[PDB]
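Each chain, written out:
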Amino acid sequence: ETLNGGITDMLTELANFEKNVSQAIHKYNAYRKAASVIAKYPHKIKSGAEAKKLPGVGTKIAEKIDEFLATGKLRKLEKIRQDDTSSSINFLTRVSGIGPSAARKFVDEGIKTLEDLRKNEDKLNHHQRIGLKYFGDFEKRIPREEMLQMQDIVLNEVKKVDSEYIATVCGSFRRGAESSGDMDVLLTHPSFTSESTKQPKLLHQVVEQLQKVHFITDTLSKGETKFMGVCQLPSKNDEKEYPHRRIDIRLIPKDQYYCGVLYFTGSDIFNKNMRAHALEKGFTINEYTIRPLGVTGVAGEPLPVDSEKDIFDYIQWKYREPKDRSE
DNA sequence: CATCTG
DNA sequence: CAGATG
Ligand SMILES: [Mn+2]
Ligand SMILES: [Mn+2]
Ligand code: NA
Ligand code: NA
């Protein structure tokens, strides 16, 4: 956690680099398990050889661990942090819509920068276009103080369209969190479930309302259950307009809301722990449901849930206010 | 995993 | 349809 800090970090830059710039999924993948095991490793790695001894640690990595330990640096890392082509790829990638792949295409055409991008708005696609337009806003975190206003808006319009909708804003926003990255809303309706063969209007209606009133500005992607958009809190009394924010809306069969809701509320760590305990208490948990564990090795059958309460109970545990769901 | 692009 | 992105 700090005993093998550099090592794990350098290794990460390496892995990261393989995948992003080059294509080296194997290699990239190699660096990964590698930092993971050393990450768990209980002592102070005093040398390459020492390391090698670990699984996932071959000669090539050991080689590296040496030079890094031998000198505060690594040539390879040094050579990579320089190289403009690498850098460009890490940058283009910041735009929502541009992945590695595309980063590579663009650079190999000379687009390496924002302007580059602007001058060639033709080559970019709609998502990427939005992305480029809101690059700035996009990186701006979302302060809880806005979160609450947003939340307030969304819940009110959903209510209006149908009293039966059930909306929930998950995310750390849900866990306390002073600011957040994007607005994550979980949605269901009674008339929508596991079996109940579809109902897309279910999602489409609300989507409309939000735009109706301008909360929603652009559509990144709009499927029948998931929607990736852009929204914005109305600018009050002109002098101060709000940054454009990322927002996601998702339909869920009522029969699996809370596991979902639980799940999205995180944190990853709280999930895991809960999940493990679930297992002890003879259970199974995932995104959508909780199941009774047979002894034959495994087994299923959807345990019925009516709240997040229902779940804990099942695994016979302490109801956790979302706040303390931290770890 | 759900959506898009081409 | 594969393949990319989130
Ligand atoms: Mn979030
Ligand atoms: Mn999001
Ligand atoms: Na080994
Ligand atoms: Na991106």
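Residues numbered from 1 in each chain as written, not as in the entry; some residues may be left out. Chains lettered and ligands numbered in written order. Heavy atoms only, no water.

Attention now goes to helix α1 (residues 5-20). Every α-helix winds through 3.6 residues per turn, so residues three or four apart in the chain are directed the same way. Taking 1.5 Å as the rise per residue, α1 with 16 residues should run 22 Å; its terminal C-alpha atoms sit 22 Å apart, in good agreement. Looking at α1, one finds that the buried residues are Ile7, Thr8, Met10, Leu11, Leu14, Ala15, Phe17, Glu18 and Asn20. As for α1, its buried residues are in contact with α2 (25-40), α4 (59-70), α5 (75-80), α6 (84-92) and α7 (100-107). (Helix = DSSP H or I, 4+ residues; strand = E, 2+ residues; numbered from the N terminus. Expected span 1.5 Å × (residues − 1). Buried < 20%, exposed > 50% of the residue type's maximum accessible area, 1.4 Å probe, protein only. Contact = heavy atoms within 4.5 Å.)

As a further point, take the environment of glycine 223. Locating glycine 223 in the fold gives a position in the loop between β5 (216-222) and β6 (226-231). On the accessibility criterion, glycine 223 (32% relative accessible area) is partly exposed. Separated by 70 residues in sequence, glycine 223 and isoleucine 153 have C-alpha atoms that sit 22 Å apart. What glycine 223 contacts, discounting residues up to four positions off in sequence, is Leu203 and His204.

Using a probe with the size of a water molecule, rolled over the atoms, empty space left in the structure can be pinpointed. All chains considered together, the criterion is met by one cavity of 30 Å³ or more. The wall of the largest cavity is formed by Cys259, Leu262, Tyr263, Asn271, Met274, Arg275, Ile285, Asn286 and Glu287. Of all the secondary-structure elements, those providing two or more residues to the lining of the largest cavity are α14 (257-264), α15 (268-280) and β8 (283-286). Residue composition of the lining of the largest cavity, grouped by class: five nonpolar, two polar and two charged. A domain split of the lining of the largest cavity shows at least three residues from each of domain 3 (141-263) and domain 4 (264-326). (1 Å grid on protein atoms, 1.4 Å probe; cavity = no way out; pocket = protein on both sides within 12 Å on 5 of 7 lines; lining within 4 Å. Points joined across faces, edges and corners; volume = space filled by probe spheres on them. Nonpolar A, V, L, I, M, F, W, Y, C, P; charged D, E, K, R; others polar. Domains from an automatic or database assignment.)

With numbering aligned to this structure, UniProt lists the feature "binding site: K(+) 1" at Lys52, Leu54 and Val57. If sequence neighbours within four positions are ignored, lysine 52 has contacts with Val57, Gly58, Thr59 and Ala62. Following the sequence through the fold, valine 57 ends up in the loop between α3 (48-52) and α4. In this structure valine 57 touches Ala51, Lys52 and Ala62, once residues within four positions along its chain are discounted. (UniProt positions renumbered as here; feature names shortened; annotations may be inferred.)

The next point concerns the protein's contact with DNA strand B. Taken together, the residues surrounding DNA strand B are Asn125, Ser221, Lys222, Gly223, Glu224, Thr225 and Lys226. Here, DNA strand B places atoms within 4 Å of the protein, and 92% of those atoms are sugar or phosphate. Contacts to DNA strand B include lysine 222, whose backbone N or O atom sits 3.4 Å from a phosphate oxygen. Residues that form the surface near DNA strand B fall into these classes: no nonpolar, four polar and three charged. (Near = heavy atom within 4 Å. Polar contact = N/O pair within 3.5 Å; in protein donor to acceptor, adjacent residues only side chain to side chain.)

Time to look at the packing of aromatic side chains. A full pass over the atoms with the stated rule returns nine aromatic pairs. When the centroid spacing of 5.0 Å and the interplanar angle of 80° are considered together, the rings of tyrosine 263 and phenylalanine 264 count as edge-to-face. Of the residues examined, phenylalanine 264 reaches a relative accessible area of 34% and is grouped as partly exposed. Note on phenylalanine 283 and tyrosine 314: the rings are 6.4 Å apart at their centroids and 25° apart in plane angle, and the pair reads as stacked. (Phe/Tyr/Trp six-rings, centres within 6.5 Å; stacked < 30°, edge-to-face > 60°.)

Let us now look at the domain arrangement of chain A. According to the domain assignment, chain A consists of domain 1 (1-83), domain 2 (84-140), domain 3 (141-263) and domain 4 (264-326). Computed over C-alpha atoms only, the centres of domain 1 and domain 3 are separated by 41 Å.

In this structure, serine 267 follows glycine 266 across a cis peptide bond, with omega equal to 0°. For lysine 198, which is not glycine, the phi dihedral falls at a positive 30°. Assignment of secondary structure puts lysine 198 in the loop between β4 (183-189) and α13 (201-212).

Before going further, it helps to examine the UniProt feature "binding site: Mg(2+) 2" in chain A. Residues annotated in UniProt with the feature "binding site: Mg(2+) 2" correspond here to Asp182, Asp184 and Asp248. Spanning 67 residues, the annotated positions come together in the fold, the maximum distance between their C-alpha atoms being 7.9 Å. Examined against the element boundaries, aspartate 182 turns out to sit in the loop between β3 (179-180) and β4. Sequence-distant contacts of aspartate 182, defined by excluding residues within four places in its chain, comprise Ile142, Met147 and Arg246. With respect to the secondary-structure elements, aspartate 248 resides in strand β7 (residues 245-253). On the basis of relative accessibility, which here comes to 12%, the residue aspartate 248 falls in the buried class. When near neighbours in sequence (up to four residues on either side) are disregarded, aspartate 248 contacts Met183, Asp184, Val185, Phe227, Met228 and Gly229.

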